[PDB]
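Encoded as structure tokens, the structure appears first; notes follow it.
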Amino acid sequence: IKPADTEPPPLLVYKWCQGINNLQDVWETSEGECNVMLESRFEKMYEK
Amino acid sequence: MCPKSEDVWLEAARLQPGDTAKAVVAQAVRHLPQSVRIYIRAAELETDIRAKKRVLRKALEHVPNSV
Amino acid sequence: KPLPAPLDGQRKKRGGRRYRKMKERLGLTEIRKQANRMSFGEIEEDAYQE
Amino acid sequence: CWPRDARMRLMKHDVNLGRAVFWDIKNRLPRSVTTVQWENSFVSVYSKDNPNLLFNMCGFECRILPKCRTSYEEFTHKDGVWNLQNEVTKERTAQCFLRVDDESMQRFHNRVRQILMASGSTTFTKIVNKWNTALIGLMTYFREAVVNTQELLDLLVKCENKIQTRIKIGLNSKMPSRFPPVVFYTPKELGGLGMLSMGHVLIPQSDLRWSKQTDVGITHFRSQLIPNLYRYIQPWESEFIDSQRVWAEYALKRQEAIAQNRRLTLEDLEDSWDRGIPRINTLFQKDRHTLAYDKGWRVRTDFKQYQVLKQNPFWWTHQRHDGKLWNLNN
Amino acid sequence: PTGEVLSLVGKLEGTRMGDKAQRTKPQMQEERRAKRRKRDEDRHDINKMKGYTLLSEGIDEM
Amino acid sequence: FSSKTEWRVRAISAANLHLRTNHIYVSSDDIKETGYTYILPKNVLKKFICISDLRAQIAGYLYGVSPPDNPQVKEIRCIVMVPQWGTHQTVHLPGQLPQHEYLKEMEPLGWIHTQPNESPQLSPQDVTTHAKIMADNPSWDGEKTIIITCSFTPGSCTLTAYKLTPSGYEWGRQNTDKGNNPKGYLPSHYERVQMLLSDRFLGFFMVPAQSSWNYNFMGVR
Amino acid sequence: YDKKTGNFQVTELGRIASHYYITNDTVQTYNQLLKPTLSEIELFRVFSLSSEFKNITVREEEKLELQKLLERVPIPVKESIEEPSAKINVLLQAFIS
């Protein structure tokens with residue numbers, strides 16, 4: 001759950017890129033592996 | 001800021017909790033021997049008869065001519 | 001109610017007494033020095049904090 | 001905003017996988033609690049067909065491109081590119097290319113339009129102060145991603161020329177030829193507007209002459225391009241590695257000062273001073289103990305936009321808790 | 001040479017982004033150092049007799 | 001040096017050098033992609049950071065091999081500490097290269113040394129040291145031998161491996177100016193090479209047999 | 001020691017404190033303070049924080065002499081000489097020297 005008090009949103013972006021990059025064989029696609037980044041907004045969150 | 005003043009030291013004994021007020025009173029009797037109000041305040045602070053006896057024994061050794 | 005007709009004051013021609021209290025309400029004895037000034041040469045704060 | 005080879009390539013398996021992932025996430029949320037709409041979402045598949053993994057987070061537009069996967073190239077240091085290396089083996093395994101979101105460049109553009117539209121009857125100093133505030137908020141939030149986004153650099157000099165053009169037509173309605181930058185960029189103490197510049201402003205050698213008379217006579221003198229703001233803001237990657245290593249140094253200095261029973265003074269931690277993402281400055285504040293009970297303050301500063309009509313450019317930070325994350329004294 | 005702000009696109013090649021970013025020093029290091037020094041030589045009597053209580057110590061009166 | 005209590009605060013500071021060993025940074029820029037790759041194992045790097053000094057530079061000769069069926073990567077398997085003394089800007093290693101029967105199975109991959117603080121360039125003293133070692137020892141191939149610099153950044157260590165270009169070996173061989181800015185010293189004299197870390201294998205150390213490695217106090221010896 | 005059944009189980013710190021007579025506060029000090037990463041500098045400090053020396057105070061009448069030891073003892077002392085642990089540190093090192 002973000003924004004954390006200890007990281008600004010660009011530190012959130014850096015920690016997220018380095019956290020993607022540090023997953024185990026995350027860029028290996030030889031066996032058919034596929035990463036999927038979903039980004040979304042929980043539409044009408046505050047209203048509903 | 002005001003050493004050699006018995007009433008500030010008695011206020012300092014009265015406003016602390018008693019176990020650090022004991023160290024306050026020890027500061028006061030380093031600053032002010034021959035001072036009977038600090039020693040009676042030291043006596044009232046300790047809640048056992050043996051320690052009150054020892055403290056007032058030191059008090060009478062310091063200033064012995066106080067009724 | 002309409003806007004009042006923008007006449008200026010006749011003016012304060014008498015002073016002291018009530019009028020010093022009239023300004024002591026809102027336009028009182030300010031700093032009048034180093035609060036209304038900008039100090040041409042120096043930068044006293046961090047530069048673009050504003 | 002990315003090139004066509006740098007976007008997600010819409011191969012059939014990857015498009016079906018992105019839609020399938022989205023459908024799986026969308027079924028878990030009941031439509032009455034919250035919806036997750038495809039049209040406002042973005043699902044980037046990285047696979048054997050798509051070599052780039054893309055996401056817009058926090059106004060940043062990030063494209064991670066692995067070294068194993070369509071680099072084939074020696075790289076020098078580029079600014080918006082984040083060399084992502086592995087934590088255990090320290091090998092650069094991917095590059096995160098940063099950009100600014102088009103909504104964020106549009107927010108900056110609409111902010112400059114709000115400055116200019118409500119300029120009107122205000123002081124030139126207030127228009128340039130609003131420009132400085134919007135420019136510091138943009139430039140200190142988006143630090144490397146501005147230098148990588150050429151559309152934002154074009155937009156930045158367009159908005160800078162728009163602010164300067166409103167100042168110039170507040171001076172004289174006839175638009176000048178060769179207006180001097182010295183009236184904009186001189187600091188407010190020295191009389192000018194104090195405008196921060198994010199664009200190439202070359203000062204002519206004509207604009208640097210000055211005479212001075214005493215009783216031997218008139219002695220003529222001379223002295224260049226105006227400094228840009230990006231050179232005076234530390235990159236975010238530099239900020240995070242120096243924050244990591246400087247709060248590591250604070251941890252060792254703090255345990256050796258607890259060993260020496262004293263407090264950490266200003267003489268140690270003077271090399272660490274404008275450094276750290278919580279700044280080391282924040283250790284030496286009077287209110288610091290009070291700020292140890294201000295939890296959730298960043299979500300609070302984000303939600304200030306629904307309570308305060310004044311738009312906050314530092315919505316993401318606070319001066320109290322993070323310190324001043326920039327320094328424009330030099 | 002106009003006074004127009006030109007784009008930095010294409011004009012970043014000799015520069016890095018941290019190039020010319022500076023850090024300030026702590027304001028009034030030596031005044032706070034002198035305050036802390038005077039405080040630590042004034043607190044010598046209190047911190048000298050901090051653990052010494054009038055009741056339970058042997059070298060109180062001496 | 002101050003030599004009375006400078007070593008006391010330095011000794012105390014060096015007693016906390018194990019805190020630098022979980023904050024290790026590797027400079028992954030300017031790497032030409034066409035050379036060797038170097039896997040320094042984290043156990044000899046941790047031990048090399050702990051036995052060092054924050055001010056005086058220590059140095060160890062790297063020895064290593066290549067993994068099976070990967071000749072373009074060089075697993076450093078050994079750091080040989082030799083009798084050295086070092087100033088804050090150079091290391092005075094002896095003329096004799098490390099000879100032992102355990103280093104016959106491995107090839108000399110250059111040397112590692114600590115720096116007091118991070119420089120973005122290789123030192124001119126380091127390229128003169130590397131090129132004098134190369135000019136006096138034909139087992140030091142200029143393609144494969146490197147200089148890892150473990151610079152002591154705040155609370156951490158930044159590691160950068162450099163290789164000598166054939167311009168740099170010729171200049172450092174002919175060089176005699178031991179200053180910090182000698183004549184004819186260009187940044188084309190070195191190229192940053194890829195160096196990376198490892199939990200997957202362990203290196204070892206070679207100390208001198210009769211004496212120990214640190215001659216910074218025994219400087220006349 | 002569980003307060004449920006009242007049973008005691010011996011710890012290896014218990015065996016070491018019983019075998020070498022060091023008090024229970026001293027093994028709690030050596031349990032808090034002994035790390036694998038201790039230098040020879042920190043080892044004299046962990047020794048000097050023993051509860052056997054809880055009554056060792058540094059008196060001012062010897063502080064000058066202690067300074068003449070602290071400039072001559074070969075293992076550095078992180079403490080200041082008017083703290084008692086520095087006194088126990090330099091007294092052990094002045095013994096060995």
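All residue names refer to the structure tokens as shown: chains lettered A, B, ... in order, residues numbered from 1 in each chain, ligands numbered from 1 in order.
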
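The residues of chain G lying at most 12 Å from chain E, with only C-alpha atoms taken into account, are residues 55, 57, 58, 59, 60, 82 and 83 of chain G.
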
Please write the residues from the selection above to a file, keeping N, CA, C and O atoms, as a PDB file, in the first residue's frame.
ATOM      1  N   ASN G  55      31.676  -1.666  40.139  1.00  0.00           N
ATOM      2  CA  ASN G  55      32.064  -0.720  41.167  1.00  0.00           C
ATOM      3  C   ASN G  55      33.374  -0.021  40.852  1.00  0.00           C
ATOM      4  O   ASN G  55      33.768   0.878  41.594  1.00  0.00           O
ATOM      5  N   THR G  57      35.154   2.706  39.503  1.00  0.00           N
ATOM      6  CA  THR G  57      34.984   4.052  38.999  1.00  0.00           C
ATOM      7  C   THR G  57      36.359   4.639  38.756  1.00  0.00           C
ATOM      8  O   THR G  57      37.340   4.245  39.390  1.00  0.00           O
ATOM      9  N   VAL G  58      36.432   5.566  37.817  1.00  0.00           N
ATOM     10  CA  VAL G  58      37.668   6.281  37.559  1.00  0.00           C
ATOM     11  C   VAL G  58      37.682   7.556  38.398  1.00  0.00           C
ATOM     12  O   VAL G  58      36.824   8.435  38.258  1.00  0.00           O
ATOM     13  N   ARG G  59      38.614   7.613  39.334  1.00  0.00           N
ATOM     14  CA  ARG G  59      38.775   8.774  40.185  1.00  0.00           C
ATOM     15  C   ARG G  59      39.679   9.769  39.483  1.00  0.00           C
ATOM     16  O   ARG G  59      40.493   9.399  38.638  1.00  0.00           O
ATOM     17  N   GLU G  60      39.524  11.046  39.833  1.00  0.00           N
ATOM     18  CA  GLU G  60      40.261  12.066  39.100  1.00  0.00           C
ATOM     19  C   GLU G  60      41.737  12.074  39.464  1.00  0.00           C
ATOM     20  O   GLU G  60      42.573  12.394  38.609  1.00  0.00           O
ATOM     21  N   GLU G  82      37.435   9.234  31.175  1.00  0.00           N
ATOM     22  CA  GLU G  82      36.663   9.389  32.399  1.00  0.00           C
ATOM     23  C   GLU G  82      35.437   8.491  32.440  1.00  0.00           C
ATOM     24  O   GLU G  82      34.617   8.637  33.349  1.00  0.00           O
ATOM     25  N   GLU G  83      35.287   7.586  31.489  1.00  0.00           N
ATOM     26  CA  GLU G  83      34.317   6.511  31.612  1.00  0.00           C
ATOM     27  C   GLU G  83      35.028   5.269  32.128  1.00  0.00           C
ATOM     28  O   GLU G  83      36.161   5.006  31.718  1.00  0.00           O
TER      29      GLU G  83
END

Test item, helix (DSSP H, G or I) assignment across chain B, answer as a ChimeraX atom specification
/B:6-15,18-31,36-43,49-62

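In terms of minimum interatomic distance to residue 76 of chain F, F:42 ranks closest within F:23, F:55, F:42, F:189, counting only C-alpha atoms.
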
I need the chain G residues near chain F as an MDAnalysis selection string; criterion: at most 10 Å, counting only C-alpha atoms.
chainID G and resid 37:42 70:72 74:78

Dump N, CA and C atoms for the selected residues as a PDB file, in the first residue's frame?
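Saved the output as again_22.pdb:
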ATOM      1  N   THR G  37      31.562 -10.410  14.584  1.00  0.00           N
ATOM      2  CA  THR G  37      32.328  -9.405  13.869  1.00  0.00           C
ATOM      3  C   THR G  37      33.138  -8.509  14.796  1.00  0.00           C
ATOM      4  N   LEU G  38      33.346  -8.916  16.046  1.00  0.00           N
ATOM      5  CA  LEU G  38      34.063  -8.064  16.983  1.00  0.00           C
ATOM      6  C   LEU G  38      35.549  -8.083  16.688  1.00  0.00           C
ATOM      7  N   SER G  39      36.147  -6.904  16.696  1.00  0.00           N
ATOM      8  CA  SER G  39      37.577  -6.745  16.539  1.00  0.00           C
ATOM      9  C   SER G  39      38.266  -6.961  17.876  1.00  0.00           C
ATOM     10  N   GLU G  40      39.586  -6.801  17.887  1.00  0.00           N
ATOM     11  CA  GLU G  40      40.300  -6.810  19.149  1.00  0.00           C
ATOM     12  C   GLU G  40      40.036  -5.545  19.944  1.00  0.00           C
ATOM     13  N   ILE G  41      39.684  -4.449  19.272  1.00  0.00           N
ATOM     14  CA  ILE G  41      39.322  -3.210  19.954  1.00  0.00           C
ATOM     15  C   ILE G  41      38.029  -3.386  20.732  1.00  0.00           C
ATOM     16  N   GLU G  42      37.024  -3.981  20.096  1.00  0.00           N
ATOM     17  CA  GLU G  42      35.722  -4.138  20.727  1.00  0.00           C
ATOM     18  C   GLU G  42      35.732  -5.262  21.752  1.00  0.00           C
ATOM     19  N   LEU G  70      46.902   5.645  28.212  1.00  0.00           N
ATOM     20  CA  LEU G  70      46.065   5.584  27.020  1.00  0.00           C
ATOM     21  C   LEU G  70      46.820   5.995  25.766  1.00  0.00           C
ATOM     22  N   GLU G  71      47.886   6.764  25.900  1.00  0.00           N
ATOM     23  CA  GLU G  71      48.750   7.046  24.770  1.00  0.00           C
ATOM     24  C   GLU G  71      49.790   5.962  24.546  1.00  0.00           C
ATOM     25  N   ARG G  72      49.853   4.957  25.412  1.00  0.00           N
ATOM     26  CA  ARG G  72      50.851   3.911  25.292  1.00  0.00           C
ATOM     27  C   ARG G  72      50.276   2.519  25.141  1.00  0.00           C
ATOM     28  N   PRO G  74      48.435  -0.491  23.299  1.00  0.00           N
ATOM     29  CA  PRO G  74      48.488  -0.707  21.853  1.00  0.00           C
ATOM     30  C   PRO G  74      47.156  -0.998  21.190  1.00  0.00           C
ATOM     31  N   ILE G  75      46.157  -1.444  21.937  1.00  0.00           N
ATOM     32  CA  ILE G  75      44.828  -1.623  21.363  1.00  0.00           C
ATOM     33  C   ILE G  75      44.060  -0.337  21.632  1.00  0.00           C
ATOM     34  N   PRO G  76      43.470   0.299  20.627  1.00  0.00           N
ATOM     35  CA  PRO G  76      42.773   1.564  20.866  1.00  0.00           C
ATOM     36  C   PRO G  76      41.504   1.389  21.683  1.00  0.00           C
ATOM     37  N   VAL G  77      41.150   2.443  22.408  1.00  0.00           N
ATOM     38  CA  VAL G  77      39.980   2.458  23.277  1.00  0.00           C
ATOM     39  C   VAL G  77      38.988   3.456  22.708  1.00  0.00           C
ATOM     40  N   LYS G  78      37.771   2.993  22.428  1.00  0.00           N
ATOM     41  CA  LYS G  78      36.777   3.871  21.827  1.00  0.00           C
ATOM     42  C   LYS G  78      36.199   4.849  22.840  1.00  0.00           C
TER      43      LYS G  78
END

So that I can check the surroundings of segment 37-48 of chain C, please list as a PyMOL selection string every protein, DNA and RNA residue that reaches within 6 Å of it, counting only C-alpha atoms and ignoring chain neighbours fewer than 6 positions away.
chain D and resi 189-190+328-329

Could you please take those selected residues and save N, CA and C atoms as a CSV table (one decimal), in the first residue's frame?
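Saved to again20.csv:
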chain,number,residue,atom,x,y,z
D,189,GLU,N,16.4,39.6,-5.1
D,189,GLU,CA,17.1,40.5,-4.2
D,189,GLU,C,17.8,41.6,-5.0
D,190,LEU,N,18.3,41.2,-6.2
D,190,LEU,CA,19.1,42.1,-7.1
D,190,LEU,C,18.2,42.8,-8.1
D,328,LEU,N,19.1,25.1,-4.8
D,328,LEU,CA,19.4,26.0,-5.8
D,328,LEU,C,20.2,27.2,-5.4
D,329,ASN,N,21.0,27.1,-4.3
D,329,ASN,CA,21.8,28.2,-3.9
D,329,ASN,C,22.9,28.5,-4.9

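Residues of chain A assigned to strand (DSSP E) by DSSP on this structure's backbone: residues 35, 36, 37, 38 and 39 of chain A.
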
Those selected residues, please, written with N, CA, C and O atoms and delivered as a short mmCIF file (atom, residue, chain, number, x, y, z; two decimals), in the first residue's frame.
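As written to disk, part_26.cif reads:
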data_model
loop_
_atom_site.label_atom_id
_atom_site.label_comp_id
_atom_site.auth_asym_id
_atom_site.auth_seq_id
_atom_site.Cartn_x
_atom_site.Cartn_y
_atom_site.Cartn_z
N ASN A 35 6.36 -12.28 -18.49
CA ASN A 35 5.97 -11.29 -17.51
C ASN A 35 4.80 -10.49 -18.04
O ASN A 35 4.64 -10.31 -19.24
N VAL A 36 3.95 -10.02 -17.13
CA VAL A 36 2.80 -9.20 -17.49
C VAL A 36 2.68 -8.11 -16.44
O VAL A 36 2.45 -8.41 -15.26
N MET A 37 2.80 -6.87 -16.84
CA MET A 37 2.61 -5.75 -15.94
C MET A 37 1.23 -5.16 -16.17
O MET A 37 0.96 -4.61 -17.24
N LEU A 38 0.36 -5.28 -15.20
CA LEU A 38 -0.94 -4.64 -15.24
C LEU A 38 -0.88 -3.36 -14.43
O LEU A 38 -0.32 -3.35 -13.34
N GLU A 39 -1.44 -2.29 -14.96
CA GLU A 39 -1.64 -1.08 -14.19
C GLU A 39 -3.08 -0.64 -14.38
O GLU A 39 -3.63 -0.76 -15.48
#

Need the shell around residue 53 of chain E: protein/DNA/RNA residues with any atom at most 6 Å away, counting only C-alpha atoms. Skip same-chain ones fewer than 3 positions apart. Format as a list in words?
residues 23 and 26 of chain B; 56 of chain E

If you count only C-alpha atoms, which residues fall within 10 Å of residue 58 of chain B, apart from same-chain ones fewer than 4 positions away, as a list in words?
residues 39, 52, 53, 54, 62, 63 and 64 of chain B; 54, 55, 60 and 61 of chain E

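Summary of the local environment: counting only C-alpha atoms, residues at most 12 Å from segment 14-18 of chain G, other than itself and those fewer than 2 positions away along its chain, are residues 1, 8, 9, 10, 11, 12, 20, 21, 22, 23, 24, 25, 26, 27, 28, 29, 30 and 31 of chain G.
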
Go ahead and write the residues just picked, C-alpha atoms, as a PDB file, in the first residue's frame.
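So the final result, stored in part14.pdb, reads:
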ATOM      1  CA  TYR G   1      12.840 -21.469  33.414  1.00  0.00           C
ATOM      2  CA  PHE G   8      15.071 -25.547  34.916  1.00  0.00           C
ATOM      3  CA  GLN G   9      16.941 -26.261  31.707  1.00  0.00           C
ATOM      4  CA  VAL G  10      20.627 -25.428  31.604  1.00  0.00           C
ATOM      5  CA  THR G  11      21.779 -23.126  28.805  1.00  0.00           C
ATOM      6  CA  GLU G  12      25.363 -23.159  27.538  1.00  0.00           C
ATOM      7  CA  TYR G  20      34.070 -19.558  35.109  1.00  0.00           C
ATOM      8  CA  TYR G  21      32.208 -17.909  38.037  1.00  0.00           C
ATOM      9  CA  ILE G  22      31.065 -14.881  36.056  1.00  0.00           C
ATOM     10  CA  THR G  23      27.858 -13.305  37.339  1.00  0.00           C
ATOM     11  CA  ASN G  24      24.523 -13.526  35.539  1.00  0.00           C
ATOM     12  CA  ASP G  25      24.687  -9.865  34.513  1.00  0.00           C
ATOM     13  CA  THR G  26      28.103 -10.493  32.967  1.00  0.00           C
ATOM     14  CA  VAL G  27      26.831 -13.284  30.717  1.00  0.00           C
ATOM     15  CA  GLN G  28      23.867 -11.116  29.801  1.00  0.00           C
ATOM     16  CA  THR G  29      26.422  -8.467  28.804  1.00  0.00           C
ATOM     17  CA  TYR G  30      28.360 -11.065  26.806  1.00  0.00           C
ATOM     18  CA  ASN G  31      25.118 -12.281  25.239  1.00  0.00           C
TER      19      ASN G  31
END

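Between atom CA of residue 79 of chain D and atom CA of residue 63 of chain D the separation is 14.0 Å.
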
Leaving out segment 3-7 of chain B and any residue of its chain fewer than 2 positions from it, which residues lie within 8 Å of it when counting only C-alpha atoms, given as a ChimeraX atom specification?
/B:1,9-11,28,31-32,35,37-38

Atoms to include: N, CA and C atoms. Write the selected residues as a PDB file, in the first residue's frame.
ATOM      1  N   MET B   1      20.855  26.702  37.331  1.00  0.00           N
ATOM      2  CA  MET B   1      20.977  28.142  37.152  1.00  0.00           C
ATOM      3  C   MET B   1      21.023  28.863  38.493  1.00  0.00           C
ATOM      4  N   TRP B   9      15.689  23.999  45.265  1.00  0.00           N
ATOM      5  CA  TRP B   9      16.003  22.584  45.400  1.00  0.00           C
ATOM      6  C   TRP B   9      14.863  21.810  46.055  1.00  0.00           C
ATOM      7  N   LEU B  10      14.131  22.435  46.982  1.00  0.00           N
ATOM      8  CA  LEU B  10      12.964  21.778  47.564  1.00  0.00           C
ATOM      9  C   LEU B  10      11.831  21.668  46.556  1.00  0.00           C
ATOM     10  N   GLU B  11      11.660  22.694  45.718  1.00  0.00           N
ATOM     11  CA  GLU B  11      10.706  22.615  44.617  1.00  0.00           C
ATOM     12  C   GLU B  11      11.103  21.523  43.632  1.00  0.00           C
ATOM     13  N   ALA B  28      21.386  18.508  45.636  1.00  0.00           N
ATOM     14  CA  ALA B  28      21.150  19.649  46.512  1.00  0.00           C
ATOM     15  C   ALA B  28      22.073  19.633  47.723  1.00  0.00           C
ATOM     16  N   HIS B  31      25.411  20.632  46.738  1.00  0.00           N
ATOM     17  CA  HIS B  31      25.452  22.082  46.603  1.00  0.00           C
ATOM     18  C   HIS B  31      25.272  22.773  47.945  1.00  0.00           C
ATOM     19  N   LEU B  32      24.462  22.200  48.828  1.00  0.00           N
ATOM     20  CA  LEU B  32      24.096  22.840  50.089  1.00  0.00           C
ATOM     21  C   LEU B  32      24.113  21.818  51.214  1.00  0.00           C
ATOM     22  N   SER B  35      21.932  22.129  55.581  1.00  0.00           N
ATOM     23  CA  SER B  35      20.642  22.583  55.081  1.00  0.00           C
ATOM     24  C   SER B  35      19.581  21.581  55.505  1.00  0.00           C
ATOM     25  N   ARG B  37      16.252  21.548  55.582  1.00  0.00           N
ATOM     26  CA  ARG B  37      15.010  21.313  54.856  1.00  0.00           C
ATOM     27  C   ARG B  37      15.207  20.273  53.768  1.00  0.00           C
ATOM     28  N   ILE B  38      16.373  20.296  53.117  1.00  0.00           N
ATOM     29  CA  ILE B  38      16.712  19.290  52.122  1.00  0.00           C
ATOM     30  C   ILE B  38      16.860  17.929  52.773  1.00  0.00           C
TER      31      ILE B  38
END

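Across the structure, atom CA of residue 19 of chain E and atom CA of residue 124 of chain F are spaced 23.2 Å apart.
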
Show me, as a PyMOL selection string, every residue of chain E with an atom at most 12 Å from chain B, counting only C-alpha atoms.
chain E and resi 39+42-62

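Among the candidates A:34, A:1, A:12, A:20, the residue lying nearest to chain D is A:34 (atoms considered: only C-alpha atoms).
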
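Between atom CA of residue 90 of chain F and atom CA of residue 127 of chain F there is a distance of 10.3 Å.
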